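Report on one structure; see the data block that follows.
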Amino acid sequence: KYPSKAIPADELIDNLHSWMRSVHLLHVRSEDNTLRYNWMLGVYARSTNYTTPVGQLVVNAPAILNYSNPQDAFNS
Amino acid sequence: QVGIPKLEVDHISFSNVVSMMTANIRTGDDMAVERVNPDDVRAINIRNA
Amino acid sequence: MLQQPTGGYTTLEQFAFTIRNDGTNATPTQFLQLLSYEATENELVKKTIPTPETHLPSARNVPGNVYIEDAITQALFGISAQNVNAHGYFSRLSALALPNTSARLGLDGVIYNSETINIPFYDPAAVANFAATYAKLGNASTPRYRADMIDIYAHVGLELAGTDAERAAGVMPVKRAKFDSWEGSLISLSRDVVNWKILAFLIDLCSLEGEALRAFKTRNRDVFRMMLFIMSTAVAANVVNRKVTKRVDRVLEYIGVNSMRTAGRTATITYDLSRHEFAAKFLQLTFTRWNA
Amino acid sequence: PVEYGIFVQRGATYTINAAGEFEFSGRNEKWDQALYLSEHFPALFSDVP
Amino acid sequence: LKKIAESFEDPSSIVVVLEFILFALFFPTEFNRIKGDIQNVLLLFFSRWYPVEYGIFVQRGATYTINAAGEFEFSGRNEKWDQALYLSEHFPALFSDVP
Amino acid sequence: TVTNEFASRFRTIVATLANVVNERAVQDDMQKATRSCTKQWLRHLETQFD
Ligand SMILES: Nc1nc2c(ncn2[C@@H]2O[C@H](COP(=O)(O)OP(=O)(O)OP(=O)(O)O)[C@@H](O)[C@H]2O)c(=O)[nH]1
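Protein chains in written order, with PDB author numbering: chain A, 77 to 152; chain B, 1285 to 1333; chain C, 1 to 292; chain D, 545 to 593; chain E, 495 to 593; chain F, 643 to 692.
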């Protein structure tokens, strides 16, 4: 829409803002302080719209994305 | 002492052990199976393997 | 039963290891004399070998008498063996690992489930020692337990190509082995090794202890090296011959470097992937015993 | 399409909590009448801004 | 066991599980003979319906072997269970009833 | 005189299973349907067994 000149900050901010509002990552919030959320597999599953087996596994059991030990996040 | 291999030397030997299969073996026979097609085509997954 | 001598079972003339060469039954050492080495720019540096797993795979209920020796020797030097992990009868060695088991490892290299008439067999204690390590060959395939198939070969190089100085140093140049040679020499060597009664060497390597063990390690070093030579030819990237004044010198390059190659070739016996994991596990165990 | 994306990111359905707050699924799923007797409600009709 | 090819996608697939349960009730003895081969279908069930719990369960071990003193020792290793194992020391781990 | 320990056992079994099918996440609408139908068919098997 702006082939030759910079995108005005107004339009860039409003568009990035509304697109940002559109995104939502499947997750189950928890109390234990040791958990981390597997951002890679979360956003990846979201991008394929939860069709690949990792996407299915995630849309069915979002709690799988939480991990204490970093490696076990994937082993699970 | 181990014996000399027969192919190692130039003499002809006319009595030799040959391994062979008894009736219990059989090979090259067609074998039967039970194929079981997937219950739904939409439930199959291709990636990520 | 065969009583084990003050030395190993290898002291007996019944278990002599001798590759055929120049129309006679050469001892492996006087074949190793024929070997010569072209050093290259690369260095082999031996890392410490990881300790073999405590786990001994289950010897599943097999009614029959497994021919363990033939299997090990063909997974190691066989001209046609493949999918050595598929049957998984190496685990059967574990049946001998128990105290007071009724199983016997016969000189034939069979594992009988029961002591049986007119079949001579090794002393069950020593065999329990040998099984106590080599039953672990049964988990050469399982993902948790596979050996490195790359690093261990540096050790092979040192124990084969190494000079006493390079050996004590623990680091040698990668070498290109060679020997004046006859037609089909590597196949003939390997078939002459597949015939070896290696369980004698293995049982003595596991059972003997103290000075009596140490004399074994020197006396049978060349045997070990011959097996090592067949393996190293199995993984060598290429095995060229050189013409030189109406004499041909076989040259394998390189000793001590696993190329992982699995495609067949007329020159030498070939490892499928399964035989790579097998030989690598076998080496882990055998060297772990060899250095102590 | 833009407002729809923003809407359905909140969720295709919701359920009332025991505290009476709404809790949207966050998932975009087609509704079925099997859900009519369920805890679930169509999210279009929540009237939540 | 006459092998079932169920993949357990639809909820209706619970039928197969129930068919095992009834079989475990009407015929505990025969069930006890085929239980590992039914465990192989139950694993495809648990991995699809309870992936987290399945991960933990399998991570403990797919099978075990009772010893002297009667304690169980799980393999720590997921693997398919052949009937060739029925004559062995090994047991399917689903039926250990160990919490 | 009236209760059957066996049939009551099966009752807790189908109750457990009904909770299982109920807790099952599904995405397709038809799967959502067969969920509730599975629940009804269980509740009918219970009476067969009784
Ligand atoms: N799709 C996706 N890729 C990721 C994510 N995190 C890391 N990666 C990718 O993983 C690759 C290797 O990860 P790292 O070792 O952490 O980082 P790197 O190799 O130095 O690469 P960069 O940090 O991206 O420059 C990188 O190329 C990243 O693009 C993620 O959350 N999602």
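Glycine included, every Cβ here is placed at the ideal spot set by N, Cα and C.
Boundaries of the alpha helix (DSSP H) in which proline 124(C) is found, first to last residue:
Numbered from its first residue, the third sequence carries residue 124(C) at position 124. Counting along the chain, the alpha helix (DSSP H) containing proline 124(C) begins and ends at 124 to 134.
Straight-line CA distance for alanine 660(F) to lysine 681(F)?
Indexing the sixth sequence from 1 puts residue 660(F) at position 18. Indexing the sixth sequence from 1 puts residue 681(F) at position 39. Using only the alpha carbons, I get a separation of about 6 Å.
When you compare only the Cα positions, how much space is there between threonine 10(C) and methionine 1305(B)?
In the third sequence, counting from the first residue as 1, residue 10(C) sits at position 10. In the second sequence, counting from the first residue as 1, residue 1305(B) sits at position 21. So the two alpha carbons sit approximately 35 Å from each other.
Figure out for me which residue from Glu567(E), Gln533(E), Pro522(E) and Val552(E) has the closest Cα to the Cα of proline 586(E).
If you number the fifth sequence from 1, residue 586(E) lands on position 92. It is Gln533(E) whose Cα lies nearest to the Cα of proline 586(E).
As a quick exercise: from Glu513(E), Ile550(E), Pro522(E) and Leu519(E), pick the residue whose alpha carbon is nearest that of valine 535(E).
If you number the fifth sequence from 1, residue 535(E) lands on position 41. Among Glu513(E), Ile550(E), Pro522(E) and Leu519(E), the Cα nearest to that of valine 535(E) belongs to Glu513(E).
Could you give the DSSP three-state label for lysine 178(C): helix, strand or coil?
On the third sequence, position 178 is the one that residue 178(C) refers to. Reduced to three states, the DSSP call for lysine 178(C) is strand.
Using the beta-carbon of each residue, which ones in chain C are nearer than 7 Å to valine 1301(B)?
Position 17 of the second sequence, counted from the first residue, corresponds to residue 1301(B). The contacting residues do not exist; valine 1301(B) stays about 14 Å from chain C at best.
Residues surrounding ligand 1 [beta-carbon distance to nearest heavy atom under 7 Å]:
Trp115(A), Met116(A), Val119(A) and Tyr120(A)
Could you check where the alpha helix (DSSP H) with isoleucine 187(C) kicks off and where it finishes?
Here residue 187(C) refers to the residue found at position 187 when the third sequence is read from its first residue. It spans 185 to 194 - the alpha helix (DSSP H) in which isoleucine 187(C) sits, taken as one unbroken run.
Quick one: measure Cβ to Cβ for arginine 104(C) and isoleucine 68(C), integer angstroms, because I've assumed they're closer than 8 Å.
Against the third sequence, residue 104(C) aligns to sequence position 104. Against the third sequence, residue 68(C) aligns to sequence position 68. Their Cβ separation, rounded to whole angstroms, is 12 Å, which puts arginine 104(C) and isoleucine 68(C) out of contact at 8 Å.
Give the residues of chain E in contact with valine 1320(B), contact being defined as C-beta atoms less than 7 Å apart.
As a first step, residue 1320(B) must be located in the second sequence, where it is residue number 36. In chain order: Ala499.
Taking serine 94(A) as the query, report the chain D residues whose CB atoms sit under 8 Å from its CB, ordered along the chain.
As a position in the first sequence, residue 94(A) is number 18, starting the count at 1. What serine 94(A) touches in chain D: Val546 and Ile550.
Using three-state DSSP, classify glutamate 688(F) as helix, strand or coil.
Taking the sixth sequence and counting its residues from 1, the one referred to as residue 688(F) is at position 46. If DSSP states are grouped into helix, strand and coil, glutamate 688(F) belongs with the helices.
Output, in chain order, the set of chain E residues within a Cβ distance shorter than 9 Å of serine 152(A).
Numbered from its first residue, the first sequence carries residue 152(A) at position 76. Chain E residues near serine 152(A): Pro545, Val546, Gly549, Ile550 and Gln553.
Would a check of beta-carbon distances place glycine 564(D) closer than 7 Å to chain A?
Locating residue 564(D) in the fourth sequence gives position 20, where the first residue counts as 1. No, its Cβ sits nowhere closer than 7 Å to a Cβ of chain A.
Of the residues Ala121(A), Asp148(A) and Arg97(A), the one placed nearest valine 135(A), counting alpha carbons only:
If you number the first sequence from 1, residue 135(A) lands on position 59. The shortest C-alpha separation from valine 135(A) is found at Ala121(A).
Sequence-distant residues of its chain with Cβ nearer than 8 Å to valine 663(F) (five each side left out):
To locate residue 663(F), count along the sixth sequence from 1; it is residue 21. The answer, listed in chain order, is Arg677, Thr680, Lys681 and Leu684.
Are three or more beta carbon pairs between the stretch 98 to 118 of chain C and the stretch 29 to 43 of chain C nearer than 8 Å?
no
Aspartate 504(E) at chain F interface by Cβ criterion, 7 Å:
By 1-based counting over the fifth sequence, the position of residue 504(E) is 10. Yes, its Cβ sits closer than 7 Å to a Cβ of chain F.
Please list, in chain order, the chain E residues whose beta carbon lies closer than 8 Å to that of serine 58(C).
The residue you call residue 58(C) lines up with position 58 of the third sequence. Per Cβ cutoff of 8 Å: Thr559, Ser582, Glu583 and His584.
For a quick check, are the C-beta atoms of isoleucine 19(C) and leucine 189(C) less than 7 Å apart?
As a working note, residue 19(C) is residue 19 in the third sequence. As a working note, residue 189(C) is residue 189 in the third sequence. Cβ distance < 7 Å, so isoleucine 19(C) and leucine 189(C) count as in contact.
So, at 8 Å on beta carbons, what are the nonlocal neighbours of residue 301(C) in its own chain, with the 5 sequence-adjacent residues on each side left out?
Because chain C here runs from 1 to 292, residue 301(C) falls outside it and cannot be looked at.
Nearest CA to the CA of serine 94(C): which residue from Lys136(C), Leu76(C) and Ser102(C)?
Taking the third sequence and counting its residues from 1, the one referred to as residue 94(C) is at position 94. The candidate whose alpha carbon is nearest that of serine 94(C) is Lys136(C).
Between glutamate 13(C) and ligand 3, is there a pair consisting of the residue's CB and a ligand heavy atom that are separated by less than 6 Å?
Inclusion of ligand 3 in the displayed structure is not the case, the ligand content consisting of ligand 1 alone.
Residues in its own chain within less than 6 Å of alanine 131(C) by CB, not counting five upstream and five downstream?
Taking the first residue of the third sequence as 1, we reach residue 131(C) at position 131. For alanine 131(C), where only same-chain residues beyond five positions count, the Cβ hits under 6 Å are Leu93, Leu96 and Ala97.
Any C-beta of chain D sitting closer than 7 Å to the C-beta of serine 98(A)?
Reading the first sequence from its first residue, position 22 is the one you call residue 98(A). Interface residue, yes.
Would you give the residue range spanned by the beta strand (DSSP E) that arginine 242(C) belongs to?
Along the third sequence, one-based indexing puts residue 242(C) at 242. Counting along the chain, the beta strand (DSSP E) containing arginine 242(C) begins and ends at 238 to 243.
Where do the ends of the beta strand (DSSP E) carrying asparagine 42(C) lie?
Numbered from its first residue, the third sequence carries residue 42(C) at position 42. That run of the beta strand (DSSP E) goes 36 to 45.
Quick check: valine 66(C) and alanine 75(C), are their CB atoms within less than 7 Å of each other?
The residue you call residue 66(C) lines up with position 66 of the third sequence. The residue you call residue 75(C) lines up with position 75 of the third sequence. The answer is no: Cβ separation not under 7 Å.
Measuring only the C-alpha atoms, how far is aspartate 86(A) from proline 545(D)?
Numbered from its first residue, the first sequence carries residue 86(A) at position 10. Numbered from its first residue, the fourth sequence carries residue 545(D) at position 1. Between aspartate 86(A) and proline 545(D), the C-alpha separation is close to 21 Å.
Are the stretch 244 to 253 of chain C and the stretch 146 to 154 of chain C touching, with three or more C-beta to C-beta distances below 8 Å?
no
Can you give the beta carbon distance from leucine 117(A) to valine 130(A), rounded, assuming they're within the 8 Å contact cut?
Counting from 1 along the first sequence, the entry for residue 117(A) is found at position 41. Counting from 1 along the first sequence, the entry for residue 130(A) is found at position 54. Sure, about 6 Å apart at Cβ, within 8 Å.
Anything in the stretch 666 to 678 of chain F with a Cβ closer than 8 Å to a Cβ of chain A? List those residues in chain order, please.
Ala667 and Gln669
As a quick exercise: from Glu583(E), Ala518(E), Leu516(E) and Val511(E), pick the residue whose alpha carbon is nearest that of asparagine 61(C).
Position 61 of the third sequence holds residue 61(C). Of the candidates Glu583(E), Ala518(E), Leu516(E) and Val511(E), the one whose C-alpha sits nearest the C-alpha of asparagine 61(C) is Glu583(E).
Three-state class that DSSP yields for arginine 1319(B) in the structure shown:
In the second sequence, the residue the question calls residue 1319(B) occupies position 35. Coil at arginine 1319(B), not helix or strand.
Beta-carbon spacing of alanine 212(C), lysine 46(C) below 7 Å
By 1-based counting over the third sequence, the position of residue 212(C) is 212. By 1-based counting over the third sequence, the position of residue 46(C) is 46. Contact: no.
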